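Each chain, letter by letter, is given below.
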8 protein chains.
Amino acid sequence: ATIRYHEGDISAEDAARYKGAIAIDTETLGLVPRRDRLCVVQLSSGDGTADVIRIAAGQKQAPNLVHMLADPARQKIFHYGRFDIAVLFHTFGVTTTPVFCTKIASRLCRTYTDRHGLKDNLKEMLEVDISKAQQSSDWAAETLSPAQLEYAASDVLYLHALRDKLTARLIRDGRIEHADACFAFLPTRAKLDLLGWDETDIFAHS
Amino acid sequence: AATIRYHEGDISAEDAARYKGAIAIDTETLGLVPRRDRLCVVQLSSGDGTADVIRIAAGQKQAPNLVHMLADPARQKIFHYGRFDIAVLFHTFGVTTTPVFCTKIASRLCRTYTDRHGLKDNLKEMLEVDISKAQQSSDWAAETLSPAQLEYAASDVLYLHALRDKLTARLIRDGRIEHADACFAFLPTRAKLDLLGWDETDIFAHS
Amino acid sequence: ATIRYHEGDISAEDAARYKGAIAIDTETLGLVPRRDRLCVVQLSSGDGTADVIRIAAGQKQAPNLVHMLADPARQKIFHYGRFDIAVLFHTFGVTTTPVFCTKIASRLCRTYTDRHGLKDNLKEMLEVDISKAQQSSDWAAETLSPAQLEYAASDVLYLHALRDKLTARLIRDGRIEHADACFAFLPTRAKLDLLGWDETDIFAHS
Amino acid sequence: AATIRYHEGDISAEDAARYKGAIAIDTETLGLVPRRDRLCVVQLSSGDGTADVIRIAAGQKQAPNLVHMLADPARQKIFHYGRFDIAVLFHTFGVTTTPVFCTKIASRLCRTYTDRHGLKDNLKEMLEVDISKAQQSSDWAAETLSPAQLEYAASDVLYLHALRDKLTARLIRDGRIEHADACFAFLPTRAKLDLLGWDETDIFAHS
Amino acid sequence: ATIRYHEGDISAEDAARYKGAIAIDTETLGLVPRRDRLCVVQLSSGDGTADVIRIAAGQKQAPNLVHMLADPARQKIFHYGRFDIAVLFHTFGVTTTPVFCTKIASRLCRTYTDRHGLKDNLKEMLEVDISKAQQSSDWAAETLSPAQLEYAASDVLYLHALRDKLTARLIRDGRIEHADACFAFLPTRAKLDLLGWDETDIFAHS
Amino acid sequence: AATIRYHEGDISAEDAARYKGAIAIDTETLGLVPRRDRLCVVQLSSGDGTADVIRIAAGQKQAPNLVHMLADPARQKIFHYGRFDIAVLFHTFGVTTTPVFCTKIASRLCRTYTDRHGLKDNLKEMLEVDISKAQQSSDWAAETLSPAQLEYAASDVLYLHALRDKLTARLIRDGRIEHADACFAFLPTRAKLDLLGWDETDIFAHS
Amino acid sequence: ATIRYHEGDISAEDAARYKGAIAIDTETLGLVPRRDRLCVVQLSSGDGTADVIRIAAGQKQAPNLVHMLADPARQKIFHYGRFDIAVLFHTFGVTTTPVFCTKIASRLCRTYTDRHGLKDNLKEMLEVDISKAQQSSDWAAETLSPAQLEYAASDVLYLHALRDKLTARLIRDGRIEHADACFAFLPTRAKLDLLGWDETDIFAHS
Amino acid sequence: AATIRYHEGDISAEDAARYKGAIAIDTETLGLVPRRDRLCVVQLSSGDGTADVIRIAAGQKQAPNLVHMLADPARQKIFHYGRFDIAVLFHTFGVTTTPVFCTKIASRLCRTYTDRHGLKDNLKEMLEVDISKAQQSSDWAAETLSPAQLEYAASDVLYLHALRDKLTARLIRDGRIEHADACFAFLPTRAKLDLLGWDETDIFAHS
Ligand SMILES: [Mn+2]
Ligand SMILES: [Mn+2]
Ligand SMILES: [Mn+2]
Ligand SMILES: [Mn+2]
Ligand SMILES: [Mn+2]
Ligand SMILES: [Mn+2]
Ligand SMILES: [Mn+2]
Ligand SMILES: [Mn+2]
Ligand SMILES: [Mn+2]
Ligand SMILES: [Mn+2]
Ligand SMILES: [Mn+2]
Ligand SMILES: [Mn+2]
Ligand SMILES: [Mn+2]
Ligand SMILES: [Mn+2]
Ligand SMILES: [Mn+2]
Ligand SMILES: [Mn+2]
C-alpha cells in the first residue's frame, strides 16, 4: 500500500525498508509536550510510501521505532526537528540522532525569503503542492480519518528529496558546515526546551 | 593589584609558553559591530594572578603567537560571553577559537535563581571578588592605554579559571554539564552566523 | 414554533420545558455592562427550539428568568459565560449558578488549536455551521428582525450537544476536574470584572 | 531575631504537633520553573515567633509529616502568593495543599490604593514590620544553608498569621471577603494549570 | 445638476440654497495641514445635490464659503470634523461653528461595534452603499476626474440623514448632552492639533 | 504648618461661608476606579492658608453643604487634574461640579518645556513651595485619619489658588487661555465619559 | 531584442545606448549585502528595452557597468536606491553617482498615500501594471527563467517615465530641492548601512 | 565662570565682529515644537571662553546681525544636535544656517563604544569638562533671565570649538570624516523636513 498503518510500533518487516535516511514527523494534542501527548509517528524511506504509527495514551515504549530513532547509522530528517525531537525524548526517553532539519537548512540558504514552512519549501524546491487542513484536528481519535492519514504521510513523503535540494544550496552558497553544527546542537536545543528555556535563546545575553 | 605584561601587536613567544593549560581571554574593541569597530586589545591570563595585555593596532591582520593559542585544540579558551569575542577574532585574524568554555552560558544554565549573569555579579557570588565597571566607556584605540584601562582589561580575565571551575561544579551538581558542553561546541558557528547577519535572530526558532 | 418570543420574561409554560440544563446567551448594546444595557436573553432546553426574551430599557426584574438562573438544580450553559454572568448580575442582581462554559472547556481540552470561538467549536465538535452577522447590530430595536431572532437562537441551540462533546474530551484527556473548578470560580471572575479588575488576572502578580 | 528549628528532609513529628491551627509557609527553590528548578527548603511557622526550616535534598520525593500538614483539610495554609509554592509542592510530592489563604491575592483585593503587593511592603504597612530582601539571590541548594539564609527563609513565614488577620479585616470592611475565598478555592487548580503549561495565560480570558 | 462645480468659492446663488445645516468635507494633499494644502471643499444642503469647490494653491480666501463656515445660525456637519475644522482654520483663518460630528456621535451611541467609518455608518444607519477609491488620488490636479467629483460629493450627500439617525440614537440611549459638549470642544481640539498636540489627548496625564 | 478644620460627613454651614470666591479642592479615595474604590475624604481651601478636611463615611450619599458649593456656578472649583475628582463626586453624590479650573490641564498647555506636570513640580517651579508625597500610599478609609494624613490632604489644596493665578498669567502670556477655558468647559463631560467606560480612550480620536 | 542578456558585464555596444539617465535595479540572494551576493544588474535607457547582466559568484569586477555607475555625467535612477547603491559598493567598490530615487521622491510628493512601492507608483503615475512574483526566487540559478528575466527588466523599464512624472510633482508641490539634497546624501546613507547603522537614522538622537 | 555679553533682540555689530572663524551656537525655546514654542534665547561663542547671549522677544521676526552670521557661508556654525536649532532659526527668521558642524552627529559616528551622545558626557570624556544640567527645566521666556539661566545658556556653547576639534580628530582616525561631512550637508534639509511634518520618520527608510 501507499501508506502502511501500525498500532503502537512499526513492524520489523517495515522497519527493515529503512536502509538509509529516515524521514519523520509526529502528530500530538498540541505544542506543550508535558501537556499534549504524542499520538502519531509518521515515517518514510523516500520511496513514495509511508509508515503511520498510532501511539496510544500513556504508551512510553516503541522498541523498533526507538531503535531507528537512536541509530547513529541512519540520519533522521525533519522539517523543524526542534519540536519533534523534544516530543520523542519526553515520550520515549530516546535522543534522536543524528538529524537533518530542512527548516534550519531553509533558513540558512533560502536567504531571499521569509517563507520557511514545509509547504513553501516543497513548492519552490520540488514544485510539489501540499495542503494544510485547518489547524484543528484531534490526532488522538479512536480511528483516524483517511484524510488524517494522508496529511500525516505528506509531511514525510518529500523530506528526502527536499533534504537533497537544500543540501546542494548549502554547499553552493557555502554554509553546509554551519548547517551541520546546527544539526549537532539540535537535540540539546530540544532538551533545554523541555526544561523550560523554550522561549529564550541560550546564546543570547537574556 | 596586579602585574600586567604589556605587548604590542602580539604576545611574545616566552609569555605564550606560560600557558600550559586553559587560557582566559577577553578583548576590547571600539564597539559591538565587528565589521565597523576594530579590535583594540586582547587580554590573557593563565590563572595565576598575572595577565598579558596585547594592544592591537588598526589594520593589523596578523598575530602569530596569539593566533596559535586561539587555534590550538589542546588548550581550552575561557570567555565570559564568548559569542562576541570569537566573532571579533575570526573577523580580525581568520582564526576560529576552539575549544571554548563560556562562563555566561554556564551562568545561565546553572544560576537559574537569578537574571544577573554579567561577569561582575558572577564573580561576586561565585568567588566573593569585586571588579569595577568603568565609570564611562572608554576609547580602547587610544594612543596610550591608561593604567586604569590596563587594569580593567586585566580584571576581565584574572578570575575566569576560578569562575569556570565553580560554575562547572554547579553544572555537575544540577545535571546540565552536557547541555553546557553542547553549547560550547556550537558557539563558534553561532559567532560566525552573527558576522553573516543572523546576529539578531535565533537560527533554531521558526523566525 | 421553532423560536418562542417573550416580552420582559419567559412565560411559566415555556420555563417549564427546562427540566435539565439551560443553554443561554444574551445580547446587549456592547461590552461594558455599566454602559450598554441588556436587550435579549436567549434560552434553549436542547430540543432544537429557543425562547428569545426581549428585555426593555431600565427593566431590573424578570422573575421567572431569574428563578431559572438562580436555580442550583439546573446547570446553565454558556460559550464564554464570564461576560453574560456579569450582564445578568448587573441587570437583575442574580448570581447565575451553577454554570458550564464551553469556551473554558474548549481552551482546556482542544489544546491543538487557538480557535476557541463557538463557530469553530460547533464545526469541529458537531459539524454544524453557524454564521456571524457583521458585528454591527442594534439589539435594542423596537422590533427585532427575523434575522436578529435566528442569530440569537443559534447561539443557544447547540450548547447542550457541544457541552456533551467537550465533556467527553475533558474526561478522556483528564481535565474534567480542572474545568469544574474553573466553573465554580467563574461567577466570582465576572463580579471582579464589574468591580473594575476586568483587564487583570487576579491570580497574577499584577 | 529568632529561634529556628532546623530539619533535614522532613519536620519531626514533635514540631508538627506545635501546629494546631493555621500553618504559615513559604518555600525556596533553585528558580521559577518547577520542572527544572528543584525544591530546596520549605519553611513553616505557627505564628508564635518561631519557625521550622526543612531542608529538602535533591531527588527527595517524600516528606511524611510535612505532606500530612499540607494535605490536612483542618489546618489552613498561609502563603504570600501561594500559586507558585502550591505548584512546587504538588510537583515535588504529589500533594495538593488545601485549604489555603493567599495574602497576595488578599493584598490585591483590598489594598486597592497601591501597586506594591509584595510581602515586604504589605508587612510594613499592615504590621509596621521590616524584612530585608537578600542583597543578591542565593544558591538555596547549597551544602550548608548559611545563618543569613535560614533567617531570610524564616522571615518569609514569621508574620503571615498576623498579615492574614489584618488583610481579612480589610476584606471584611471593604466587602470582598467572599471574592477572596472563591479565589483561594480556585488557587490549587490555578497552580496545576501552571504546571501543565497554561502558566502565562489566564484560563478565563478569550486567549 | 446633481453636482455643482465652483472655482475658488461657492457662488452666492448656490450659497443661498443652504437655509439650514450645511454638510461638509474637504479633500487635501494629505493629513498634515501645514504640509498638505486644501484642494476641495464639498458641501450639501441635504437635497441630494452637492457643491464642489476647487481650492487653488496658496488661496487664503473664500468669502462666501467662509461666511457659511463662520455662521452660528447654521450647523456644519462632518464625519470626523476634528481634521477638516483644522484644515479650514489653517487655510482660511475661520473657526467653523457650530458643528455636529457624525463620527463622535457614532462612537457615543453605536457602542456595539468598532466600525465607525462613514461607509459602515451609512450602510447600517441608512442602508446606503458608498465605495472607497484606493486611498491614492492627487486631489490637486488641474482637472478633477468625474470619479473624483462623485467621491467628494458622496462624502456630504448623506450627512444630514446620518445626523438625524444618530441623533435619535443619542437621545434614545441618553448621551445627546455628552455629544453636544463634545461638539462644542471640537474646534479647540482641532486648534491644539495645529499647535502640535495632535497625538496626545490633552485630558490625559501625558 | 497649618490649621486644619476637621468635619465628619459634611462641612459645617459656618466654614462653607468662609468661601466667597474660588474653592480649592482635592479628594482621597481607596483607589482609582470610582465604582470600586469609595470616596474617603474631600479637602477644601479658600486660599488663606487654612483647610477644611471632610471625612466621608462608607455608603454616604449625601453632603448638603459640600454639594451646594460643588454645584454652585458662582464659585469656581480648582483641582489639579479635576478629571478624576469630578467623576468621583458625581458617582458619590450625583453632583456635577462646575465651573472648574484644572491646574494640570493648565500646566500642560503653558509649561511646554517639561514633561513633569504633577502638583509637586508645578508648585516648586511656579511658587517655590515644597510638598511631600507620602512615603507609601495609605488607607484613606482608616477609622482615624492620622495627623500626617490630614496634613497631606490639606497640602493638596493649600496652594491651588496661587498656582491657578501663576498658570493663568502664563496662559495669557503664551496665548492659550481660550484653549484652556474650552478644556475646563468640556472637563465634566470628560469625567462622565470616564464613568461610563470610555476612560481609556480619547473620544476625539478615530479609536 | 526587447531584453538584452550579458554575462558578467554589459557589452560596449549596449553600454553606448546610454547617452542620458540610466535606470537600474539589482537582484541578489537576499537583503544582507555581506551575506547575500549580487546576482543580476538590470539596466534600461528608457526606450522600452533592457540590459540584464548576470553576475557570477565572487565576481568583484564589471569594468563597463562600473564606468556607467561611476559616471557623474549620467544620472542613475532607482526605486529605493539606498539598498542597491550599497550592494554595488560592497560588490564592486563603486560609488554610484549621481542618483535619483523614485521612492524618496514618492515619499516627498505623494503625501496623500502610504503606498510607496514601485507597483503602486507606476499604476497611479503612469497607469502601468506590473506584478510581483511570490518573493521566493533563487536569483543565483545557473539559467534564469524567462519569467525571471522579464521581472528584472520590468523593474527598470519605467523608471525614466516615473522619474519625470514625480519630478513635475516635486516642482509643483515645491520640494524638488528637498529631493535633490536627499539624493546627494543617499550614497552616504548606503555606506553607513554597510557599516552597521542600517537600522538607525543617523540624524536622530539614537 | 564666565563673562557673558547680554544683548536684547540681536547681537551688537561690535561683538559680531569678534567672530572671525567658526561660531558655536545653541538656542533656548519654550519647548520642542517650533510652530508652538517660540525661540527665547540664542547663545554664541567664538571659542575664547566668552559668550554672547541674545534674548529674543515674543513675535520678533528679525535679527540683522545674527541672521548675517547664520547665513554667512564663510563661518561654520557648530551645534550639538543642530537638527533642532536649525529648524527653530529657519522658522523664526527665514534663515537657513550653513555650513554646519554637528557634534552629536560626530559623536555618534566615532564614539561607537557608547550610547551616551549628549553634550554633558561628550564634554566629560573628550575635554574633561563638567557642565550641569538644570535641576528642573525653566521658563526661558521669563521677563528677566536669571544669572543661573545665562550661565546654563553660555555653557551650551563655551566648549563646542574644542569638542568639534577632538571629535574631528577621532573621525579622521577612524575613517568617517567624509560620512560626517555628508551628514552636515544634508542636515539643513533634514531640519526643513522636520518643520513640514516628517519629523518622526526617516525619509530614507521604506516608511
Ligand atoms: Mn513537526
Ligand atoms: Mn503534520
Ligand atoms: Mn568579552
Ligand atoms: Mn572590558
Ligand atoms: Mn455571550
Ligand atoms: Mn450572539
Ligand atoms: Mn513564596
Ligand atoms: Mn525567599
Ligand atoms: Mn473629512
Ligand atoms: Mn473624501
Ligand atoms: Mn486629585
Ligand atoms: Mn492625596
Ligand atoms: Mn531594488
Ligand atoms: Mn526586482
Ligand atoms: Mn541645542
Ligand atoms: Mn539649554
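Residues numbered from 1 in each chain as written, not as in the entry; some residues may be left out. Chains lettered and ligands numbered in written order. Heavy atoms only, no water.

### Notes on the coordination of the manganese ion (ligand 15)
So, step 1. Here the manganese ion (ligand 15) is held by the protein donor atoms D26 of chain H (OD) and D85 of chain H (OD), which lie 1.8 to 2.5 Å from it. Within this pair, whereas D26 of chain H is found in strand β2 (residues 23-29), its partner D85 of chain H is found in helix α3 (residues 82-93), the two being separated by 59 residues in sequence. (Donors = N, O, S within 2.8 Å, 3.2 Å for Na, K, Ca; no water. Helix = DSSP H or I, 4+ residues; strand = E, 2+ residues; numbered from the N terminus.)

### Describing the interface of chain C and chain F
So, step 1. At the junction of the two partners, chain C supplies nine residues and chain F supplies eight residues.
So, step 2. For the pair chain C and chain F, the summed buried area comes to about 710 Å², and 47% of that belongs to carbon and sulfur atoms.
So, step 3. Where chain C meets chain F, there are two salt bridges.
So, step 4. The partner of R34 of chain C in a salt bridge is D199 of chain F, and the shortest N-O contact between them spans 4.0 Å. (Contact = heavy atoms within 4.5 Å. Buried area = accessible area lost by both parts, 1.4 Å probe. Salt bridge = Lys/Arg side-chain N within 4 Å of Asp/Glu carboxyl O.)

### Focus on the environment of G81 of chain C
Residue and element names in this part refer to chain C.
So, step 1. Within the secondary structure layout, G81 lies in helix α3 (residues 81-92).
So, step 2. Residues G81 and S154, 73 residues apart in the sequence, show an inter-C-alpha distance of 16 Å.
So, step 3. Contact partners of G81, with chain neighbours within four places excluded, come to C101 and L186.

### Brief notes about the sheet that holds strand β6 (residues 99-101) of chain C
Residues and elements named next belong to chain C.
So, step 1. Spatially, the six strands line up as an open sheet ordered β1-β4-β3-β2-β5-β6, and their pairing is mixed. Only two strands of the sheet have a single neighbouring strand rather than two, namely β1 (3-7) and β6. Each neighbouring strand pair of the sheet contributes to a mean axis angle of 25 degrees, computed without reference to strand direction.
So, step 2. In the sheet, strand β2 (residues 22-28) pairs with strand β5 (residues 76-78) via two bridges, with the strands oriented parallel. Paired with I22 across the bridge in β5 is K76.
So, step 3. Contacting β2, β3 (38-44), β5 and β6, α3 runs over the sheet at an angle of about 70 degrees to β2. (Pairing = 2+ DSSP bridges. Axes fitted to C-alpha atoms, helices over the stretch in contact; angles between N-to-C directions.)

### With respect to the pairing of strand β4 (residues 50-54) of chain E
Residues and elements named next belong to chain E.
So, step 1. Counting buried positions over the five residues of β4 gives five, a clear majority of the element.
So, step 2. Inspection of the sheet shows strand β1 (residues 3-7) paired to β4 by five bridges, in the parallel sense. Bridge pairing links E7 to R54 in β4.
So, step 3. Counting the residues that bridge the hairpin from strand β3 (residues 38-44) to β4 gives five residues, and of these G46 lies at a positive phi of roughly 110 degrees. (Buried < 20%, exposed > 50% of the residue type's maximum accessible area, 1.4 Å probe, protein only.)

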